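work24.csv, holding CSV, N, CA and C atoms:
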```
chain,number,residue,atom,x,y,z
X,1,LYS,N,54.8,121.1,78.3
X,1,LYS,CA,54.0,121.6,77.2
X,1,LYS,C,52.5,121.7,77.5
X,2,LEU,N,52.0,120.7,78.3
X,2,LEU,CA,50.6,120.7,78.7
X,2,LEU,C,50.3,121.9,79.6
X,3,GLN,N,51.2,122.2,80.5
X,3,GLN,CA,51.0,123.4,81.4
X,3,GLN,C,51.0,124.7,80.6
X,4,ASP,N,51.9,124.8,79.6
X,4,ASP,CA,51.8,126.0,78.8
X,4,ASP,C,50.5,126.1,78.0
X,5,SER,N,50.0,125.0,77.5
X,5,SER,CA,48.7,125.0,76.7
X,5,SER,C,47.5,125.3,77.6
X,6,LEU,N,47.5,124.9,78.9
X,6,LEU,CA,46.5,125.3,79.8
X,6,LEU,C,46.5,126.8,80.1
X,7,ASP,N,47.7,127.3,80.3
X,7,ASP,CA,47.8,128.7,80.6
X,7,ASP,C,47.4,129.6,79.4
X,8,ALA,N,47.8,129.2,78.2
X,8,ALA,CA,47.4,129.9,77.0
X,8,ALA,C,45.9,129.8,76.8
X,9,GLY,N,45.3,128.7,77.2
X,9,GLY,CA,43.8,128.5,77.1
X,9,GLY,C,43.1,129.4,78.0
X,10,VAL,N,43.6,129.6,79.2
X,10,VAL,CA,43.0,130.5,80.2
X,10,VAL,C,43.1,131.9,79.6
X,11,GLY,N,44.2,132.3,78.9
X,11,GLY,CA,44.3,133.6,78.3
X,11,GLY,C,43.4,133.8,77.2
X,12,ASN,N,43.1,132.7,76.4
X,12,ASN,CA,42.1,132.8,75.4
X,12,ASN,C,40.7,133.1,76.0
X,13,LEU,N,40.5,132.5,77.2
X,13,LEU,CA,39.1,132.7,77.8
X,13,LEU,C,38.9,134.1,78.3
X,14,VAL,N,39.9,134.7,79.0
X,14,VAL,CA,39.6,135.9,79.8
X,14,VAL,C,40.3,137.1,79.3
X,15,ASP,N,41.4,137.1,78.5
X,15,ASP,CA,42.2,138.3,78.2
X,15,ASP,C,41.4,139.2,77.3
X,16,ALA,N,41.6,140.5,77.6
X,16,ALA,CA,41.1,141.6,76.7
X,16,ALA,C,42.0,141.8,75.5
X,17,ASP,N,41.4,142.2,74.4
X,17,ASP,CA,42.2,142.7,73.2
X,17,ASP,C,42.3,144.2,73.3
X,18,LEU,N,43.5,144.6,73.7
X,18,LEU,CA,43.7,146.0,74.1
X,18,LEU,C,43.7,147.0,72.9
X,19,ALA,N,44.1,146.5,71.7
X,19,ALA,CA,44.0,147.3,70.5
X,19,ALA,C,42.6,147.7,70.2
X,20,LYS,N,41.6,146.8,70.5
X,20,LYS,CA,40.2,147.1,70.3
X,20,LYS,C,39.7,148.1,71.3
X,21,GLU,N,40.1,147.9,72.6
X,21,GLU,CA,39.7,148.7,73.7
X,21,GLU,C,40.2,150.2,73.5
X,22,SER,N,41.3,150.4,72.8
X,22,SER,CA,41.7,151.8,72.6
X,22,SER,C,40.8,152.6,71.7
X,23,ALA,N,40.2,151.9,70.7
X,23,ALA,CA,39.2,152.5,69.8
X,23,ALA,C,37.9,152.8,70.6
X,24,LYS,N,37.5,151.8,71.4
X,24,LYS,CA,36.3,152.0,72.2
X,24,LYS,C,36.5,153.1,73.2
X,25,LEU,N,37.7,153.3,73.8
X,25,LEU,CA,37.9,154.3,74.8
X,25,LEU,C,37.8,155.7,74.2
X,26,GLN,N,38.4,155.9,73.0
X,26,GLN,CA,38.4,157.2,72.4
X,26,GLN,C,36.9,157.6,72.0
X,27,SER,N,36.2,156.7,71.4
X,27,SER,CA,34.9,157.0,71.0
X,27,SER,C,34.0,157.3,72.2
X,28,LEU,N,34.2,156.5,73.3
X,28,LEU,CA,33.4,156.8,74.5
X,28,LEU,C,33.7,158.1,75.1
X,29,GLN,N,34.9,158.5,75.1
X,29,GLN,CA,35.2,159.9,75.6
X,29,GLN,C,34.6,161.0,74.8
X,30,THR,N,34.6,160.8,73.5
X,30,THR,CA,33.8,161.8,72.7
X,30,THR,C,32.3,161.7,73.0
X,31,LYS,N,31.8,160.5,73.2
X,31,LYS,CA,30.4,160.4,73.5
X,31,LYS,C,30.0,161.0,74.8
X,32,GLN,N,30.9,160.9,75.8
X,32,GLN,CA,30.6,161.5,77.1
X,32,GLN,C,30.6,163.1,77.0
X,33,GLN,N,31.5,163.6,76.2
X,33,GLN,CA,31.5,165.1,76.0
X,33,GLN,C,30.2,165.6,75.3
X,34,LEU,N,29.8,164.8,74.3
X,34,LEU,CA,28.6,165.2,73.6
X,34,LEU,C,27.4,165.0,74.5
X,35,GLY,N,27.4,164.1,75.4
X,35,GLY,CA,26.3,163.9,76.3
X,35,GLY,C,26.2,165.0,77.3
X,36,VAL,N,27.3,165.5,77.8
X,36,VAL,CA,27.3,166.7,78.7
X,36,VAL,C,26.7,167.9,77.9
X,37,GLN,N,27.1,168.0,76.6
X,37,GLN,CA,26.6,169.2,75.8
X,37,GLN,C,25.1,169.0,75.6
X,38,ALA,N,24.6,167.8,75.3
X,38,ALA,CA,23.2,167.6,75.1
X,38,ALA,C,22.4,167.9,76.4
X,39,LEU,N,22.9,167.5,77.5
X,39,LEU,CA,22.3,167.8,78.8
X,39,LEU,C,22.2,169.3,79.0
X,40,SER,N,23.3,170.0,78.7
X,40,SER,CA,23.3,171.4,78.8
X,40,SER,C,22.3,172.1,77.9
X,41,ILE,N,22.0,171.6,76.7
X,41,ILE,CA,21.0,172.1,75.9
X,41,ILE,C,19.6,171.8,76.5
X,42,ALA,N,19.4,170.6,77.0
X,42,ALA,CA,18.1,170.3,77.6
X,42,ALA,C,17.8,171.2,78.9
X,43,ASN,N,18.9,171.5,79.6
X,43,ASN,CA,18.7,172.3,80.8
X,43,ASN,C,18.1,173.7,80.5
X,44,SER,N,18.4,174.2,79.4
X,44,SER,CA,18.0,175.6,79.1
X,44,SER,C,16.6,175.8,78.5
X,45,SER,N,15.8,174.8,78.5
X,45,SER,CA,14.5,174.9,77.8
X,45,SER,C,13.6,175.9,78.6
X,46,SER,N,13.7,176.0,79.9
X,46,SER,CA,12.9,176.8,80.7
X,46,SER,C,13.1,178.3,80.4
X,47,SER,N,14.4,178.6,80.1
X,47,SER,CA,14.7,180.0,80.0
X,47,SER,C,14.0,180.7,78.8
X,48,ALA,N,13.6,179.8,77.8
X,48,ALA,CA,12.9,180.4,76.6
X,48,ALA,C,11.6,181.0,77.1
X,49,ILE,N,10.9,180.5,78.1
X,49,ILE,CA,9.6,181.0,78.5
X,49,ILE,C,9.7,182.4,79.2
X,50,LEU,N,10.9,182.7,79.7
X,50,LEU,CA,11.0,184.0,80.4
X,50,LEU,C,10.7,185.2,79.5
X,51,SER,N,11.0,185.0,78.2
X,51,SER,CA,10.9,186.1,77.2
X,51,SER,C,9.4,186.5,77.1
X,52,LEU,N,8.5,185.6,77.3
X,52,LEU,CA,7.0,185.9,77.1
X,52,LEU,C,6.5,186.7,78.2
X,53,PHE,N,7.2,186.9,79.3
X,53,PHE,CA,6.6,187.6,80.5
X,53,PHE,C,7.5,188.8,80.8
P,1,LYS,N,77.5,106.8,53.5
P,1,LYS,CA,77.2,107.8,52.5
P,1,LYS,C,75.7,107.9,52.3
P,2,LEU,N,75.0,106.8,52.3
P,2,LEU,CA,73.5,106.8,52.2
P,2,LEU,C,72.8,107.5,53.4
P,3,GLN,N,73.3,107.2,54.6
P,3,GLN,CA,72.8,107.9,55.8
P,3,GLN,C,73.0,109.4,55.7
P,4,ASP,N,74.2,109.8,55.2
P,4,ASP,CA,74.4,111.3,55.1
P,4,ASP,C,73.5,111.9,54.0
P,5,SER,N,73.2,111.2,52.9
P,5,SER,CA,72.4,111.7,51.9
P,5,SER,C,70.9,111.8,52.4
P,6,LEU,N,70.4,110.8,53.1
P,6,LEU,CA,69.1,110.9,53.7
P,6,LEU,C,68.9,112.1,54.7
P,7,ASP,N,70.0,112.3,55.5
P,7,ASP,CA,69.9,113.4,56.4
P,7,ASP,C,69.9,114.8,55.7
P,8,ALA,N,70.8,114.9,54.7
P,8,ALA,CA,70.8,116.1,53.9
P,8,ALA,C,69.5,116.3,53.1
P,9,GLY,N,68.8,115.2,52.7
P,9,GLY,CA,67.5,115.4,52.1
P,9,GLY,C,66.4,115.8,53.0
P,10,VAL,N,66.5,115.4,54.2
P,10,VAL,CA,65.5,115.9,55.2
P,10,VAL,C,65.8,117.4,55.4
P,11,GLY,N,67.0,117.8,55.5
P,11,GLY,CA,67.3,119.2,55.6
P,11,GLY,C,66.8,120.0,54.4
P,12,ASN,N,66.9,119.5,53.2
P,12,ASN,CA,66.4,120.2,52.1
P,12,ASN,C,64.9,120.3,52.2
P,13,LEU,N,64.2,119.3,52.8
P,13,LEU,CA,62.7,119.4,52.9
P,13,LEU,C,62.3,120.4,53.9
P,14,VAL,N,62.9,120.5,55.1
P,14,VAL,CA,62.3,121.3,56.1
P,14,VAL,C,63.1,122.5,56.6
P,15,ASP,N,64.3,122.6,56.3
P,15,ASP,CA,65.1,123.7,56.9
P,15,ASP,C,64.8,125.1,56.4
P,16,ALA,N,64.8,126.1,57.2
P,16,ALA,CA,64.6,127.5,56.9
P,16,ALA,C,65.9,128.1,56.3
P,17,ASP,N,65.7,129.0,55.4
P,17,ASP,CA,66.8,129.8,54.9
P,17,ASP,C,66.9,131.1,55.7
P,18,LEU,N,67.8,131.2,56.7
P,18,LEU,CA,67.7,132.2,57.7
P,18,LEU,C,68.2,133.6,57.2
P,19,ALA,N,69.0,133.6,56.1
P,19,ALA,CA,69.4,134.9,55.5
P,19,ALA,C,68.1,135.6,54.9
P,20,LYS,N,67.2,134.8,54.4
P,20,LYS,CA,66.0,135.4,53.9
P,20,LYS,C,65.0,135.8,55.0
P,21,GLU,N,64.9,135.0,56.1
P,21,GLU,CA,64.1,135.3,57.2
P,21,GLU,C,64.6,136.6,57.9
P,22,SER,N,65.9,137.0,57.8
P,22,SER,CA,66.3,138.2,58.4
P,22,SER,C,65.7,139.5,57.7
P,23,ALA,N,65.6,139.4,56.4
P,23,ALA,CA,64.9,140.5,55.7
P,23,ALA,C,63.4,140.5,56.0
P,24,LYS,N,62.8,139.3,56.0
P,24,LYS,CA,61.4,139.3,56.3
P,24,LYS,C,61.1,139.9,57.7
P,25,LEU,N,62.0,139.6,58.7
P,25,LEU,CA,61.8,140.0,60.1
P,25,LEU,C,61.9,141.6,60.2
P,26,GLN,N,62.9,142.2,59.5
P,26,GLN,CA,63.0,143.6,59.6
P,26,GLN,C,61.8,144.3,58.9
P,27,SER,N,61.4,143.9,57.8
P,27,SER,CA,60.3,144.5,57.1
P,27,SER,C,59.0,144.3,57.9
P,28,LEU,N,58.8,143.2,58.5
P,28,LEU,CA,57.6,143.0,59.3
P,28,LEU,C,57.6,143.8,60.6
P,29,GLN,N,58.7,144.1,61.2
P,29,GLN,CA,58.8,144.9,62.4
P,29,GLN,C,58.4,146.4,62.0
P,30,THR,N,58.9,146.8,60.8
P,30,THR,CA,58.5,148.2,60.4
P,30,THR,C,57.0,148.2,60.1
P,31,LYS,N,56.5,147.1,59.5
P,31,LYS,CA,55.0,147.1,59.1
P,31,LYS,C,54.2,147.1,60.4
P,32,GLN,N,54.6,146.4,61.5
P,32,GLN,CA,53.9,146.4,62.7
P,32,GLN,C,53.8,147.8,63.3
P,33,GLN,N,55.0,148.6,63.3
P,33,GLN,CA,54.9,149.9,63.8
P,33,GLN,C,54.0,150.8,63.0
P,34,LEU,N,54.1,150.7,61.6
P,34,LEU,CA,53.1,151.5,60.8
P,34,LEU,C,51.7,151.1,61.1
P,35,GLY,N,51.4,149.8,61.4
P,35,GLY,CA,50.0,149.5,61.6
P,35,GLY,C,49.5,150.0,62.9
P,36,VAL,N,50.4,150.1,63.9
P,36,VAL,CA,50.0,150.8,65.2
P,36,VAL,C,49.7,152.2,64.9
P,37,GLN,N,50.5,152.9,64.1
P,37,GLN,CA,50.3,154.3,63.8
P,37,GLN,C,49.0,154.5,63.0
P,38,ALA,N,48.7,153.6,62.1
P,38,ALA,CA,47.5,153.7,61.3
P,38,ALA,C,46.2,153.5,62.2
P,39,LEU,N,46.3,152.6,63.1
P,39,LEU,CA,45.2,152.4,64.0
P,39,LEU,C,45.0,153.6,64.9
P,40,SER,N,46.1,154.2,65.3
P,40,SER,CA,46.0,155.4,66.1
P,40,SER,C,45.4,156.6,65.3
P,41,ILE,N,45.6,156.7,64.0
P,41,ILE,CA,45.0,157.7,63.2
P,41,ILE,C,43.5,157.3,63.1
P,42,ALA,N,43.1,156.1,62.9
P,42,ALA,CA,41.7,155.7,62.8
P,42,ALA,C,41.0,156.0,64.1
P,43,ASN,N,41.6,155.8,65.2
P,43,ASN,CA,40.9,156.0,66.5
P,43,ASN,C,40.5,157.4,66.7
P,44,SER,N,41.1,158.4,66.1
P,44,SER,CA,40.9,159.8,66.4
P,44,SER,C,39.8,160.4,65.5
P,45,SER,N,39.1,159.6,64.7
P,45,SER,CA,38.1,160.2,63.8
P,45,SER,C,36.9,160.8,64.6
P,46,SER,N,36.5,160.3,65.7
P,46,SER,CA,35.4,160.8,66.5
P,46,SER,C,35.7,162.2,67.0
P,47,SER,N,36.9,162.5,67.3
P,47,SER,CA,37.3,163.7,68.0
P,47,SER,C,37.0,164.9,67.0
P,48,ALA,N,37.1,164.7,65.7
P,48,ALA,CA,36.8,165.8,64.8
P,48,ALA,C,35.4,166.3,65.0
P,49,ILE,N,34.4,165.5,65.4
P,49,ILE,CA,33.1,166.0,65.4
P,49,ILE,C,32.8,166.9,66.6
P,50,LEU,N,33.7,166.8,67.7
P,50,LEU,CA,33.5,167.6,68.9
P,50,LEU,C,33.6,169.1,68.6
P,51,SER,N,34.3,169.5,67.5
P,51,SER,CA,34.5,170.9,67.2
P,51,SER,C,33.2,171.5,66.8
P,52,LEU,N,32.2,170.7,66.2
P,52,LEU,CA,31.0,171.3,65.7
P,52,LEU,C,30.0,171.6,66.8
P,53,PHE,N,30.2,171.2,68.0
P,53,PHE,CA,29.3,171.3,69.1
P,53,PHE,C,29.8,172.1,70.2
```
Starting from the coordinates I provided, produce the structure as structure tokens.
Amino acid sequence: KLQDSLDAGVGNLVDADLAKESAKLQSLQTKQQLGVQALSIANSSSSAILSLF
Amino acid sequence: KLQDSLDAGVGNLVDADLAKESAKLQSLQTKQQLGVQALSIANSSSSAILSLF
């Protein structure tokens, strides 16, 4: 019983809660796509000046 | 006879009614599956915003 409680305690110390990581994963994938889109918007600022010339 | 009645009384105090636990077990397994499905629905809320960009 003592060996089982030491192993369960190690699990309390280091194990991930995977049900919570699933939510973090989905939101982070959406954030990465929005970040690529925002960088694409920032890249195009120079093209606006071409119209004046 | 007194020893048998003391042992039966301990059983009245602590024993589980397993026919009732079988119903609780089945309903709880269904509830766990529905909870995983509900968490899966909640995880997907961010993906709706990607359409606007």
Report as a tab-separated table the residues of chain X within 6.5 Å of chain P, each with its shortest atom pair and distance in Å (one decimal), using only N, CA and C atoms, ordered by chain and increasing residue number.
```
residue	atom	partner	partner_atom	distance
X:22	C	P:43	CA	6.2
X:23	CA	P:43	CA	5.1
X:26	CA	P:43	C	6.1
X:27	CA	P:46	CA	5.9
X:30	CA	P:46	C	6.0
```
Atom N of residue 33 in chain P to atom C of residue 15 in chain P, distance in Å rounded to a single decimal: 26.4 Å
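The coordinates place atom N of residue 32 in chain P at 24.9 Å from atom N of residue 8 in chain X.
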Atom N of residue 17 in chain P to atom C of residue 1 in chain X, distance in Å rounded to a single decimal: 26.8 Å
Once 5 Å is added on each side, what centre and edge lengths in Å to one decimal does the axis-aligned box around all listed atoms of range 26-44 of chain P have, as AutoDock Vina command-line options?
```
--center_x 51.4 --center_y 151.3 --center_z 61.9 --size_x 33.2 --size_y 28.2 --size_z 19.6
```
Expected answer as a ChimeraX atom specification: alpha helix (DSSP H) residues in chain P: /P:2-14,18-43
